[PDB]
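Worksheet for the structure shown next.
Ideal geometry is used to build each Cβ from the backbone, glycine not excepted, and the neighbour counts take in all protein chains shown. Throughout, read-outs are computed from the coordinates displayed, never taken from laboratory work.
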Amino acid sequence: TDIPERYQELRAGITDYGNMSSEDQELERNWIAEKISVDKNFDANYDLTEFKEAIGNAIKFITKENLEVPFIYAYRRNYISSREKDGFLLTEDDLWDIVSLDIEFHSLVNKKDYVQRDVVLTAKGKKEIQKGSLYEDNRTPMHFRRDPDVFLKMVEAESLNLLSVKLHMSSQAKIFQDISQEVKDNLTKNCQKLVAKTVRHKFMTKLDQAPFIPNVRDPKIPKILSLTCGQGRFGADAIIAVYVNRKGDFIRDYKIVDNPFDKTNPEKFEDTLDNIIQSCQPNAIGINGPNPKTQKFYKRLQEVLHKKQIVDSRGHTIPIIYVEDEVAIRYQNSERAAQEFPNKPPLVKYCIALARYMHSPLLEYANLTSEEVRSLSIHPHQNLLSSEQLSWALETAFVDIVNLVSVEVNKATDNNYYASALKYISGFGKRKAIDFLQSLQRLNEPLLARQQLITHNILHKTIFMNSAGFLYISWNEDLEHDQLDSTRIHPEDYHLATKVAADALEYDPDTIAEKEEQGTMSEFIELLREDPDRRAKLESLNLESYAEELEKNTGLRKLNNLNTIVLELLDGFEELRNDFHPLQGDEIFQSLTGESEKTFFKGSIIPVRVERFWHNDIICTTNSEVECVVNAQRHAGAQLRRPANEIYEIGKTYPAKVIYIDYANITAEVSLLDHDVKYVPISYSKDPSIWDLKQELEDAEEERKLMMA
């Protein structure tokens, strides 16, 4: 039972998994090392002994000690790397691959040993492709190493019974199928895994986003005032605004009915919004809306803020930022939100979600349930992967980031919203998180030291070792309190941390022994906290010399660990996540418009709706309310002067060509003449071997006659 939950779930089905011999273990190590070597792309031998040794250590940690990959990479990194710089470094991806290959290796050998114990369309063809979709694209396994998804496209087409693929076997000059569908399944598995890697990595980059900071000079928790444009109809649809304190608790919602664009009395909106800021006194403003009207609204907010000279005590203007709202869009329909707030309109819930996302994107993403996160638009071809691979990719992504930044147990015991991410901590899962929280609730007191987790038998040795490094207790303010408890230092190396601090403090060699016999190591870290010259004294210590002396005498290898010790001895829990990611440019237009680059891109022929006319220019409307600016010299109007009304009329649908797109300012230049509107925007490869010229030319007769068919 003292096994990580994820490993228990993976190893649930296999039998006699732990019964491996010496020859089986060497086979395993040499083979799996070769598998990763394929991706590492070594040259010659490159003293592969050290590499295969690193894999030996890794598989020992996984299979024998039952350590999760985040723990190994955090506190056992040096055992999984070349002793010399830039040699080799097995990334989280490599470790996840190792565990995945390990389970399948054991299963495969259990089977091997148990023995001793070209597109072809169908009748439905030419009907789903219509020669005008992204499916318009001698295939061989070498090609699939680069564009793996193409094979998924064909497999999916086969699943819906459109086209079937017969393995490439023209060299021929029941049996062949019997032998080749095995290779077909191996190719499907390989390509599925390869796409699972990219989807995981892109979800990872979304998770790696630190909290927004209003002041780079003196960053503190920001007072946030969210507001949304609404459906975009100004002069009505009163602008919603919400206020949330630094603690992240909703305080009060607002609703501004005064129109920012009422040119008659614009002072009205400016006055009420000024009162809103005077009341809440926020430090940042968040905005996101359903349609391009949000751009005009944002511009108005910026100019209004500049006009009222609204600045924080720093003297700089309060920043306004566009924040992603996908999770907010799901939140407004989420049952949890309804149960959270009794009487709030959808826009209020949405604005609150925007604020929370601005505080912690990690918690927001973690709070999503299985089906909403699964349906979350993460990768264009995410639907190709089956539920199990996609779910594993997501779980591994959550595990990495959630372990990158520790979890405060004191907050988690009651802040359910903040505690819901605990199930993803190393050595924890669905079943374990509930039991852990229940036990802490039964405690009725805040944990004073990490050791209390084991003394009260809250955890078990293996699980504690797997997780005790990430869980932490914030420092405040008796003797029970320890500074190390407010640092992501594993309990095992607390003695090491005290020893390095002692060396950095230059104690008399005899007093170290005297303090050890007296059991007074903690006073060293206390004295280091008290003295003022922490910098000049600490960084002067050379990590390499100490790590070498440690490994030479004790035999351990903890250079990376010692580095984390000295690094965090300065300031506790320095933020490691990268800076925030405000929506800038293209992503703004994409999010606020919802028009794909496959439809609305530079030089695209798209139908436009004429709505308004101007002195000499003409105005455009698109399927998602996009304005276009067409000068009279693009419809043959200005060549001889005079207004353009003589040519076109309001209300009819007209084809048009885009010439310039300003994603940042949501404006585009278009031409409406047949000279430009009358033409191959998309076309895949056409080499005679790569592409079937015969089918393309022969099909033209059927395509022409079908109208008359």
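Restrict the check to the stretch 684-697 and report whether at least one residue is of a type in the set (D, E, K, R), under 30 Å from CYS229 (Cβ atoms), out of contact with any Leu (no Cβ under 9 Å at 6 or more places or on another chain) and in a loop (DSSP other than H, G, I, E, B). Before the answer, list the steps.
Taking the stretch 684-697 as the starting set, the residues that turn out to be of a type in the set (D, E, K, R) are 686-687, 692, 694, 696.
Add one more test, that the residue is under 30 Å from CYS229 (Cβ atoms), and what stays is none.
No - not one qualifying residue is present in the stretch 684-697.
Note down all Cβ pairs under 6 Å where the first residue falls in the stretch 74-85 and is within 14 Å of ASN561 (Cα to Cα), the second is among the charged types (D, E, K, R) and assigned to a loop (DSSP other than H, G, I, E, B), and they're at least six residues apart or on different chains.
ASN78/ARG557; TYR79/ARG557
Among the candidates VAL38, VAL69, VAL99, which residue alone is loosely packed, with under 14 Cβ neighbours inside 10 Å and among the aliphatic types (A, V, I, L, M)? Quick ask: steps written out before the conclusion?
Details: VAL69 fails: loosely packed, with under 14 Cβ neighbours inside 10 Å; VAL99 fails: loosely packed, with under 14 Cβ neighbours inside 10 Å.
Answer to the selection: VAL38.
For the structure I just gave you, tell me whether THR264 is part of a helix (DSSP H, G or I), over 21 Å from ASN215 (Cβ atoms), out of contact with any helix residue (DSSP H, G or I) (no Cβ under 8 Å at 6 or more places or on another chain) and among the β-branched types (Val, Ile, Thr). Quick ask: steps written out before the conclusion?
On the way: part of a helix (DSSP H, G or I): no; over 21 Å from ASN215 (Cβ atoms): yes; out of contact with any helix residue (DSSP H, G or I) (no Cβ under 8 Å at 6 or more places or on another chain): yes; among the β-branched types (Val, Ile, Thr): yes.
When the stated conditions are applied, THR264 does not pass them.
Please go through (1) touching a helix residue (DSSP H, G or I) at 6+ places or on another chain (Cβ under 8 Å); (2) within 21 Å of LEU471 (Cβ to Cβ); (3) part of a helix (DSSP H, G or I) for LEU567 and return the number of the only condition it doesn't satisfy.
Evaluating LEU567 over (1) touching a helix residue (DSSP H, G or I) at 6+ places or on another chain (Cβ under 8 Å); (2) within 21 Å of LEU471 (Cβ to Cβ); (3) part of a helix (DSSP H, G or I) leaves (1) as the failure.
Of all residues in the stretch 72-95, how many are buried (at least 18 other Cβ atoms within 10 Å of the Cβ) and of a type in the set (D, E, K, R)?
Residues that pass the stated criteria total 4.
Determine the pairs where a residue that is surrounded by 15 or more Cβ atoms within 10 Å (Cβ to Cβ), located within the stretch 305-328, has a partner that is small (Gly, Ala, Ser) and assigned to a strand (DSSP E or B) with Cβ atoms under 7 Å apart, the partner being 6 or more residues away or on another chain.
Listed by first residue and then by second, the contacts come to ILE318/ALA284; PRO319/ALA284; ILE321/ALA284; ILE321/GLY286; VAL323/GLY286.
Give all pairs with beta carbons closer than 6 Å in which a residue from the stretch 225-237 that is surrounded by 15 or more Cβ atoms within 10 Å (Cβ to Cβ) meets a residue that is among the aliphatic types (A, V, I, L, M); count only pairs at least 6 apart in sequence or on separate chains.
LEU225/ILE285; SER226/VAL242; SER226/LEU354; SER226/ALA355; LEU227/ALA241; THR228/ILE240; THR228/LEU347
Out of the helices (runs of 4 or more DSSP H) lying entirely within the stretch 37-115, which hold 3 or more residues that are touching a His at 6+ places or on another chain (Cβ under 9 Å) and closer than 19 Å to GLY469 by Cβ? I'd like the intermediate steps shown before the answer.
Working: elements: 48-59, 69-75, 92-114.
Here the list reads 69-75.
Where the second residue is hydrophobic (A, V, I, L, M, F, W, C) and part of a helix (DSSP H, G or I) and the first is surrounded by fewer than 19 Cβ atoms within 10 Å (Cβ to Cβ) and lies in the stretch 287-301, which pairs have Cβ atoms under 7 Å and are six or more apart or on separate chains?
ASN291/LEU592
Only one residue in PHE151, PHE203, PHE144, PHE105 is under 30 Å from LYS40 (Cβ atoms), surrounded by 11 or more Cβ atoms within 10 Å (Cβ to Cβ) and in contact with an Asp or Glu (Cβ under 6 Å, 6 or more places away or on another chain). Which one? Give the steps one after another, and end with the answer.
Values: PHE151 fails: in contact with an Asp or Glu (Cβ under 6 Å, 6 or more places away or on another chain); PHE203 fails: in contact with an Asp or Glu (Cβ under 6 Å, 6 or more places away or on another chain); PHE144 fails: in contact with an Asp or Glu (Cβ under 6 Å, 6 or more places away or on another chain).
Only one candidate passes the filter, namely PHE105.
Is it fair to say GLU516 is assigned to a helix (DSSP H, G or I), under 27 Å from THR1 (Cβ atoms) and either among the acidic types (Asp, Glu) or in contact with a strand residue (DSSP E or B) (Cβ under 9 Å, 6 or more places away or on another chain) (or both)? Before you say what the answer is, go through the steps one by one.
Values: assigned to a helix (DSSP H, G or I): yes; under 27 Å from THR1 (Cβ atoms): no; either among the acidic types (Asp, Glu) or in contact with a strand residue (DSSP E or B) (Cβ under 9 Å, 6 or more places away or on another chain) (or both): yes.
In short, no.
Would you check if there is a residue in the stretch 464-477 being touching a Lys or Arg at 6+ places or on another chain (Cβ under 8 Å) and assigned to a helix (DSSP H, G or I)?
Within the stretch 464-477, not a single residue is touching a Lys or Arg at 6+ places or on another chain (Cβ under 8 Å) and assigned to a helix (DSSP H, G or I).
Six or more apart or on different chains, Cβ under 9 Å: which pairs go from a residue in the stretch 505-518 that's more than 18 Å from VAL566 (Cβ to Cβ) to one that's charged (D, E, K, R) and not in a helix (DSSP H, G or I)? Could you list them?
Final answer for the pair search is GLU514/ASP508.
Kindly indicate which of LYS202, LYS184 is more than 23 Å from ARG139 (Cβ to Cβ) and either aliphatic (A, V, I, L, M) or part of a helix (DSSP H, G or I) (or both). Don't jump to the end; show me each part of the working.
Values: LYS184 fails: more than 23 Å from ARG139 (Cβ to Cβ).
That would be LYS202, the only listed residue that is more than 23 Å from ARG139 (Cβ to Cβ) and either aliphatic (A, V, I, L, M) or part of a helix (DSSP H, G or I) (or both).
Among the residues of the stretch 449-485, write down those that are crowded, with 18+ Cβ neighbours inside 10 Å and either in contact with a strand residue (DSSP E or B) (Cβ under 7 Å, 6 or more places away or on another chain) or under 15 Å from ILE525 (Cα atoms) (or both).
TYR472, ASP482, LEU484, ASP485
Go through (1) closer than 17 Å to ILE251 by Cα; (2) in contact with an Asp or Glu (Cβ under 8 Å, 6 or more places away or on another chain); (3) part of a loop (DSSP other than H, G, I, E, B) and name the single condition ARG314 misses.
Every condition holds for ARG314 apart from (1).
Given the conditions (1) surrounded by 19 or more Cβ atoms within 10 Å (Cβ to Cβ); (2) under 29 Å from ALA196 (Cα atoms); (3) polar (S, T, N, Q), report the number of the one that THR413 does not fulfil.
Every listed condition holds for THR413 apart from (2).
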